[PDB]
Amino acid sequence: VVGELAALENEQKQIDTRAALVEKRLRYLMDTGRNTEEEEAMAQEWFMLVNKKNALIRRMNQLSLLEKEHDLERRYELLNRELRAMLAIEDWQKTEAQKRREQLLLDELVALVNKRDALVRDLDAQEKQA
């Protein structure tokens, strides 16, 4: 379902490519006074393109944040299951290289939870706005 994200990023550049032209055409009038009718038409559409662009960036932002979360969750879930199997083995049985790598993995599991907690602070960031 993440393909929608990529569909949106191509949409955005098309918006930005057309807004690019419109903005130069709208600023082309105005810096002259060449036409002020055609001009409001341009101003009408520029404004339309601007929060079409903004609506989309907001939807993209939430989609990306969702994707990173599902990613982190599944990485956490798999590393948790993994180290459950590892810690379940007695310590007198493993090389020390592996007791030390277990500690590294433990630290890794904690970093993942913190990365997840970062997205939470990130998500309520983007939601103070509307």
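We number the residues from 1 along the sequence you see.
Stretches 28-36 and 49-57 differ in mean CA B factor, with 28-36 having the higher one.
For the two regions 39-47 and 63-71, the entry's Cα B-factors average higher over 39-47.
Annotation for residue 102: CA B-factor lies in the middle third of the chain's modelled residues.
For residue 19, the recorded CA B-factor ranks within the middle third of the chain. Only modelled residues enter the ranking. Ranked by C-alpha B-factor against the other modelled residues of its chain, residue 114 falls in the lowest third.
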